[PDB]
Amino acid sequence: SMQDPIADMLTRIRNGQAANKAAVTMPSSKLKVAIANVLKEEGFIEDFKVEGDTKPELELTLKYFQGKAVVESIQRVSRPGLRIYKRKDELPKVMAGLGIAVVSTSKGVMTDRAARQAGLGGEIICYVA
Amino acid sequence: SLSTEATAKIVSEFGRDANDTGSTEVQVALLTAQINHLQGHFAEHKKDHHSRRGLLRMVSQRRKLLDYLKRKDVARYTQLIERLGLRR
Amino acid sequence: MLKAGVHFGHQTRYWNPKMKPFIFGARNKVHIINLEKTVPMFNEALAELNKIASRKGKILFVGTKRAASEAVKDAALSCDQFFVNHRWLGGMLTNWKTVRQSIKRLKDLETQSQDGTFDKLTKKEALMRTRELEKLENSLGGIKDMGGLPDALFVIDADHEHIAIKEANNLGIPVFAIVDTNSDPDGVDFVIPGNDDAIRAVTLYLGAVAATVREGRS
RNA sequence: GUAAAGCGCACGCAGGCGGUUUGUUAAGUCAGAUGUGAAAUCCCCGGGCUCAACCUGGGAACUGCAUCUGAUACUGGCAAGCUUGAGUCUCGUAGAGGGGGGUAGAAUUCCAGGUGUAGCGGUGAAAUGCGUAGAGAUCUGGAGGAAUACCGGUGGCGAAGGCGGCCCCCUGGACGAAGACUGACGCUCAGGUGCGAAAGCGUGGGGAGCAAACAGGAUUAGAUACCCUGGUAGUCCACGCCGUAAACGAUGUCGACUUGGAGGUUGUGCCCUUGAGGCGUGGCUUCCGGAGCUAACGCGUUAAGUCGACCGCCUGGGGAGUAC
Ligand SMILES: CN[C@@H]1[C@@H](O)[C@@H](O[C@@H]2[C@@H](O)[C@H](O[C@H]3O[C@H](CN)CC[C@H]3N)[C@@H](N)C[C@H]2N)OC[C@]1(C)O
Ligand SMILES: CN[C@@H]1[C@@H](O)[C@@H](O[C@@H]2[C@@H](O)[C@H](O[C@H]3O[C@H](CN)CC[C@H]3N)[C@@H](N)C[C@H]2N)OC[C@]1(C)O
Ligand SMILES: [Mg+2]
Ligand SMILES: [Mg+2]
Ligand SMILES: [Mg+2]
Ligand SMILES: [Mg+2]
Ligand SMILES: [Mg+2]
Ligand SMILES: [Mg+2]
Ligand SMILES: [Mg+2]
Ligand SMILES: [Mg+2]
Ligand SMILES: [Mg+2]
């Protein structure tokens, strides 16, 4: 069963990028949104909109540069049954910098680069390059 | 399965109100019925392993319910056991 | 839309999830081509032909299928273009070096038939070498005069002529083909969603592209 | 999946993992600081012996633990919900699903009598064998046990093993339809419990056909076989034991994503239903196959593709799944 909602969101994105799917939907949630946000603010998805009133959705549109998708590689990290918490000086550098590491800090869900400078650490989430 | 007459009947005696076959208490009771009633059948034949497999499921589920009831309301749980004389 | 309203979709329901994007809508046991999105491809594609066609653009028209065949000989020849409507030889594009040798053989053979150059040996040898030209011209003829790979390539259907396209893109040769439902667009770099056949559709674009090509020649 | 490796299959305690919202808490988590983490090593910068090895000043490091002060996204606790997960109720549908008891017809064999006469049976030929004490064939009647032709399928049910005449009784699951109901009660599961083809074992029944053993007859160089004539266990039944199999999809279970084509089975909705017809919307199931995966063969929305939760197992061949 859905023991890990995040993984689904992540997997759904890449599965689409390959199927050239315009966008993708799914049941939204606080975290799901936050993550999707950083994905847009960082340049991996055109935009996104959570539909549904009582039952929230998430119109997440996949972005594509040229003859290929923007998301070349995206995987989970701090998955359940095996969490991962790094220090303000442990934050990993995805794709030597050309990538991003979504980390949940005590100040919100930001990126490794951002969080690092801010001087705060947190729990990684994925390595969207 | 169980007889509609006996079904609705028991559904009311434990139903939190009028027509609510969803209530936990109801289920437990509804199950216990088919349970104590089926034993008679199982007392005979015995080798009806296939039908036995089902019986056990009702048991396990009943347990998973009674346990839940207690984990979310030690009150109803304790009282529920009474009218059903279960869990020793 | 004018002549456009004379071919629409085709191919019952075998289709291909790749053409789906260019497909209009299904009906009477068969989907139709979304001409509405085909119009842009109609011009845009040809707009790229006149360009390189400006300098004796080596435009190779491909169409082995029965219908197109008897047509390509005209339209594809009624301008500085090349036509191929008889069993696309294996490698006549990529294996030119070896294939051209065949063309030369065909050349001299013509000179023989030309004047008193074929009058040799009894009717035996005559017929022996005469029939040789026939077949040789059927395949090489429509390209005999081209001592160099084509600048472009316009094939009718991207299916029956699959071999042709495969070589082109392999050598880096822009291909323009009419892909419809049961066609594979991944190959051709210039999509032309239109009836793979249709006596009208075939001639329509054939002459249509011809002009846009002859015009580019200043 | 085929190289070593998915427990034969289920239920399930501990354990691991847990949909969604608000609040709350601040334990994990992150930040700061303070202790402490011996000196020496190591490392960086710099000194001293002619250099080097070596010696030395300072710092870094000692990624560890504890306390104090914060931060609150995420995980955890608590409070309150919610409904898509899971489950309940109502009405049906298809089914070789299971346990029990009946009962029908086809055939085999055997017994009894009629008719009838020199063969029958068998093989590649034969022979053993059965026949004038009358077989075989044919007919009539009776006894008995085992299994259900056709329907029957590229079909259905089941967790697995497996499950076929028909009728009844007891009983499990699955699926659909509208709604109504509980409110995460879930997923997996070491150990554990139960189910387990055939063969085998115990007691007691049964015993037609088939048939290890065994006995003849052939074959052959031999023939402790294949073939033939016989035939005991057993095969059948009841209750108990035994737990293995190429227990095989050689592919663990739950959930979510990912182009298509063709065929079967089963529920429901809607249609000029005028009809087979056609148009939807669920379950299960075959064949082909794209991307991708793979060492290849091939798998391919029922994955061996893309991912997550949990468990099981592999670590060269022989010795050995043997010894103890
Ligand atoms: C008469 N046809 C039946 C059909 O009605 C249906 O019936 C079976 C029935 O035959 C079974 O009974 C069978 O098995 C019993 C032991 N388990 C002993 C009696 C025997 N007939 C029942 N246990 C289950 C029904 N669904 O499935 C099997 C069948 C043979 O096709
Ligand atoms: C894609 N192949 C399909 C195969 O999957 C199957 O499809 C059935 C289809 O026949 C049924 O259709 C049935 O119900 C229709 C009204 N709803 C009328 C036709 C009837 N056969 C559908 N209800 C369910 C599909 N899975 O049978 C037909 C087919 C062409 O071979
Ligand atoms: Mg092997
Ligand atoms: Mg193996
Ligand atoms: Mg298995
Ligand atoms: Mg020290
Ligand atoms: Mg919390
Ligand atoms: Mg099944
Ligand atoms: Mg047995
Ligand atoms: Mg016995
Ligand atoms: Mg396949």
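So, how was this worked out
- Every chain here is numbered from 1 following its written sequence, a scheme that can differ from the numbering in the entry; residues without coordinates are not drawn.
- A letter from A marks each chain and a number from 1 marks each ligand, given out in the order of writing.
- The structure shown is incomplete relative to its larger assembly, and all values pertain to the part shown.
- By convention in this description, side-chain values take in all heavy atoms of the structure and omit both hydrogens and water.
- Strands here mean DSSP runs of E at least two residues long; helices mean DSSP runs of H or I at least four residues long; both are numbered from the N terminus.
- By definition, residues are in contact when any of their heavy atoms lie within 4.5 Å.
- Residue exposure ignores everything except the shown protein chains as possible cover, and the areas themselves are Shrake-Rupley values with a 1.4 Å probe.
- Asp and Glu are treated as the negative residues and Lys and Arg as the positive ones, with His and the ends of the chain left uncounted.
- Each charge is placed at NZ for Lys, CZ for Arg, CG for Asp and CD for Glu.
- When we talk radius of gyration, it's over C-alpha atoms, and the globule rule is simply 2.2 Å times the number of residues to the 0.38.
- Throughout this description, buried means an accessible area under 20% of the type-specific maximum (1.4 Å probe, protein chains only), exposed means over 50%, and partly exposed covers the range between.
- These domain boundaries are the output of an automatic or database domain assignment.
- Summed over both partners, the accessible surface that disappears when two parts come together, traced with a 1.4 Å probe, is what is meant by buried area.
- Strand pairing requires that DSSP identify at least two bridges connecting the strands.
- Near, as used in this document, describes a residue that has one of its heavy atoms within 4 Å of the molecule or strand being considered.
- Residues adjacent in sequence count toward polar contacts only when both atoms are side-chain atoms; beyond that, a polar contact is any pair of N or O atoms within 3.5 Å, and within protein one must be able to donate a hydrogen and the other to accept it.
- Each residue gets one of three labels, nonpolar for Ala, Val, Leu, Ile, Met, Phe, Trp, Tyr, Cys and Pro, charged for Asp, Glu, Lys and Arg, and polar for the others, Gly among them.
- Paired rings are identified among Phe, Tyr and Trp, the last through its six-membered ring, by centres lying within 6.5 Å, and are further divided according to the angle between planes into stacked (under 30 degrees), edge-to-face (over 60) and tilted (the rest).
- We count a charge as sitting over a ring when the NZ of a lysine or the CZ of an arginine lies within 6 Å of the ring centre and within 35 degrees of the ring normal.
- The term salt bridge refers to a side-chain nitrogen of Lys or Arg lying within 4 Å of a carboxyl oxygen of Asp or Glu.

A short note on the overall build of chain C
Of regular secondary structure, chain C possesses seven helices and seven strands. When the helices and strands of chain C are read in sequence order from the N terminus, they spell out β-β-α-α-β-α-β-α-α-β-α-β-β-α. By its C-alpha atoms, chain C is 65 × 40 × 30 Å across when sized along the principal axes. In chain C, 61% of the contacts between residues at least 6 apart in sequence involve partners at least 24 apart. Total accessible area on chain C stands at roughly 11,500 Å², and carbon and sulfur atoms take up 55% of it. Between the mean site of the 31 positive side-chain charges and the mean site of the 27 negative ones, chain C shows a separation of 2 Å.

Here we look at the overall build of chain A
Secondary structure summary: chain A contains three helices and seven strands in total. Across chain A, helices and strands are ordered from the amino to the carboxyl terminus as α-β-α-β-β-β-β-β-α-β. A compact globule built from 129 residues should have a C-alpha radius of gyration of about 14 Å, and chain A, at 14 Å, falls within 12% of that. Taken over 129 residues, chain A has a buried fraction of 40%. Considering only intrachain contacts with a sequence separation of at least 6, the fraction spanning at least 24 residues in chain A is 62%. Carbon and sulfur atoms provide 51% of the accessible area of chain A, an area that totals close to 7,400 Å². Counting 20 positive and 15 negative side-chain charges, chain A places the averaged centre of each group 5 Å from the other.

Observations concerning the domain arrangement of chain C
Residue and element names in this part refer to chain C. Domain boundaries in chain C define domain 1 (21-88 + 152-218) and domain 2 (89-140). Taking only C-alpha atoms, the centre of domain 1 and the centre of domain 2 are 29 Å apart. Contacts between domain 1 and domain 2 engage ten residues on the former and ten residues on the latter. Approximately 810 Å² of surface area, both sides summed, lies buried where domain 1 meets domain 2, with 66% of it carried by carbon and sulfur atoms.

Things to note about the pairing of strand β6 (residues 108-111) of chain A
All names here are of chain A. The pairing of strand β5 (residues 100-105) with β6 spans four bridges and is antiparallel. Pairing of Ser104 across the sheet is with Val109, part of β6. Here β5 folds back onto β6 in antiparallel fashion, the turn holding two residues.

Description of the protein's contact with RNA strand D
As a structural note, the neighbourhood of RNA strand D is formed by 69 residues, with A:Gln3, A:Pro80, A:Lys88, B:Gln27 and B:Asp48 the closest of them. Backbone atoms, meaning sugar and phosphate, make up 79% of the atoms of RNA strand D lying within 4 Å of the protein. Here A:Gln75 contributes a side-chain N or O atom positioned 3.2 Å from a phosphate oxygen of RNA strand D. Between RNA strand D and the protein, one listed contact pairs a sugar or linking oxygen with a side-chain N or O atom of C:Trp15 at 3.4 Å. The element best represented in the surface near RNA strand D is helix α3 (residues 49-72) of chain B, accounting for twelve residues. Each residue belonging to the surface near RNA strand D can be placed in one class, and the counts come to 14 nonpolar, 31 polar and 24 charged.

Topic: the environment of A:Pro80
Residue and element names in this part refer to chain A. Locating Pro80 in the fold gives a position in the loop between β3 (59-61) and β4 (85-86). The exposure class assigned to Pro80 is partly exposed, which follows from its relative accessible area of 28%. Residues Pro80 and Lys32 lie 48 residues apart in sequence; the distance between their C-alpha atoms is 15 Å.

Quick look at the arrangement of the chains
In this assembly chain A lies apart from chain B, the nearest approach of their C-alpha atoms being 18 Å. A gap remains between chain B and chain C, with no contact made and the closest C-alpha atoms lying 46 Å from each other.

Some details on the side chain of C:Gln11
Note on placement: C:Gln11 falls in the segment before β1 (23-27). Ignoring anything within four residues of it in the chain, the contact list for C:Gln11 reads C:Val30, C:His31, C:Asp180, C:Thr181, C:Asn182 and C:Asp196.

A short note on the packing of aromatic side chains
Throughout the structure, instances matching the rule amount to four aromatic pairs over all chains. Taken together, a centroid distance of 5.9 Å and an interplanar angle of 50° make the contact between C:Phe154 and C:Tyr205 tilted. Here C:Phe154, found in strand β5 (residues 152-155), pairs with C:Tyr205, found in helix α7 (residues 199-216); they are 51 residues apart in sequence, far enough to count as distant. Relative accessible area serves as the criterion here: at 6%, C:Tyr205 is assigned to the buried category. A network of ring pairs unites the aromatic residues C:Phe42, C:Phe61, C:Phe154 and C:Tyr205 as a single cluster. One cation-aromatic arrangement involves B:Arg52 over B:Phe42; the distance from NZ or CZ to the ring centre is 4.4 Å.

Observations concerning the pattern of salt bridges
All names here are of chain C. In the structure shown here, the tally under the stated rule is 20 salt bridges over all chains. Residues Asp74 and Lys73 are paired through a salt bridge, measuring 3.8 Å at the closest nitrogen-oxygen approach. Owing to a relative accessible area of 35%, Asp74 belongs among the partly exposed residues under this scheme. Here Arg129 and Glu125 are joined by a salt bridge, their closest N and O atoms 3.2 Å apart. Note that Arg129 and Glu125 are positioned in helix α5 (residues 123-139) at a spacing of four residues, about one turn of the helix.

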